[PDB]
Amino acid sequence: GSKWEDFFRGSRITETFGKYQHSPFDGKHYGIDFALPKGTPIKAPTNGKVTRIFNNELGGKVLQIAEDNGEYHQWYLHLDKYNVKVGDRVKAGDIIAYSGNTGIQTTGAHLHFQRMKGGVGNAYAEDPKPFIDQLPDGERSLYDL
Ligand SMILES: [Zn+2]
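So the sequence shown is numbered by PDB author numbering: it starts at 48 and just counts up by one.
This is how it looks when you write it as structure tokens:
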């Protein structure tokens, strides 16, 4: 039929930036988490460049991108696959990688997205929720789902 609507929930988010209830008593989450199945295409939200590619025990596969600002940096955890390589230039809405569950132990497959200012790590992090609320696709600038 040529027209239809339903009331079904928008936004794919799970764990937002700030306090973190899976902690024993106190603690923060340094980014934003999106409920996305394995093989979902992940895109750069902003024009950037790839500046490291690695794995670790808590994150799984990790993509690292610098913004063209000369001061902002980005991490993408739990990935299955990469469409880009270190040194390559990227654009807002360019496919960079694919979602998986390569470092997750509870709450199922999701992208972690984490933005940082002045250096790279949790101590450098800043709140991406209002930074996504300004994007041309909103949070859908991060994912094709
Ligand atoms: Zn996360």
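Note that the Cβ used here is the ideal one computed from N, Cα and C, for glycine as well.
Name the two residues that bound the continuous beta strand (DSSP E) containing residue i.
i	result
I89	88-90
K138	From DSSP, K138 is part of no beta strand (DSSP E); its letter is neither H nor E.
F160	158-164
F81	79-81
What is the C-beta distance between residue i and residue j, in whole angstroms, given that I count them as a contact (C-beta under 8 angstroms)?
i	j	result
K90	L189	6 angstroms
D191	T87	7 angstroms
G107	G150	3 angstroms
Since residue i sits in a beta bridge, which residues does DSSP pair it with?
i	result
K128	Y145
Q111	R99, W122
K66	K75
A172	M163
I60	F81
Output needed for residue i: all residues of its chain with C-beta closer than 8 angstroms, excluding positions within five of it in sequence on either side, in chain order.
i	result
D184	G140
Residues in the same chain with beta-carbon distance under 6 angstroms from residue i, minus the five sequence neighbours each way, listed in chain order, please.
i	result
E62	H76, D80
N102	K108
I142	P88, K90, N130
Near residue i, which residues of its chain fall below 7 angstroms by C-beta distance, leaving aside the five closest residues on each side in sequence?
i	result
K176	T63, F64, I79
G95	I112, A113, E114, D115, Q121, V137
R99	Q111, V133
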